[PDB]
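Heads up, the chain below is alone and in the form deposited in one PDB entry; it's given as structure tokens.
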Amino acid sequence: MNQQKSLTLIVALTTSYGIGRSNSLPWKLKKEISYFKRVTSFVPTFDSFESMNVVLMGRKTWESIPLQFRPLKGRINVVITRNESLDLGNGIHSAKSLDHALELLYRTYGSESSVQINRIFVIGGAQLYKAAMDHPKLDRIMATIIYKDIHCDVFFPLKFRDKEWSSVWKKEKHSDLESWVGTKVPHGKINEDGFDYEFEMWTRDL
């Protein structure tokens, strides 16, 4: 045991693979954020007495999130940092890598435990995205594609939507996206604050 479950990466990015600027996101999309909350939060139903999803994130993403929203509620938060800091505080959870995080989670949230783990999401940092992309259990990318090359200075590390990666990563039908996420999701382009964007789900075989 340690690799029972696959990982899912969730990310909002520009057609240039832009994901961030200054330790923020150079867009403010309140319906996007709300999709993120619903996806990372949703647990199939018979399960939802025991079950919680996990969000894994890098230190600077943790720092990036406005203090009033940390830890992300109704999810198990784990911050991944090669320098066991710290910063705690409210109950929460550090590991020096993706695999140390998974080991900590499996130790902490066992069959015995009152809380059980449902799905595990990597929610960013560029650096943790790169670790997740290299991990043999990552098989799923929930991507919000922002159709505007907004200036960014932090980039998603692998062009998964590009021709070079297209025998590995496949974009799924929208009905399958709605299935996975268990609700209606808007199809096609959405316009908030002068940006068109759309939700995609991509997968690869393990």
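Quick note: we count residues from 1 along the sequence shown, nothing fancier. If you superpose the two forms and keep the largest set of C-alpha atoms that fall within 1.5 Å, you have the rigid core. Shifts are known only where both forms have a C-alpha.
Beyond what is shown, the protein has a form deposited in another entry; the following relates to that form.
- When both forms sit on the same rigid core, the CA shifts between the shown form and the other one reach 2 angstroms or more only at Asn23 out of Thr183, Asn23, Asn191, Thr15.
- After superposing the rigid core, the C-alpha of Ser34 moves by less than 2 Å between the shown form and the other one.
- With the core superposed, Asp162 shows a C-alpha displacement below 2 Å between the shown form and the other one.
- CA of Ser48 to CA of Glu112: closer by 3 Å or more in the other form than in the shown form.
- A change of 3 Å or more separates the two forms for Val79 and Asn23: their C-alpha atoms lie farther apart in the other form.
- Every Cα shifting by 2 Å or more, across three or more consecutive residues, marks a moved region; comparing between the shown form and the other one on the rigid core, these regions are 21 to 25, 44 to 49.
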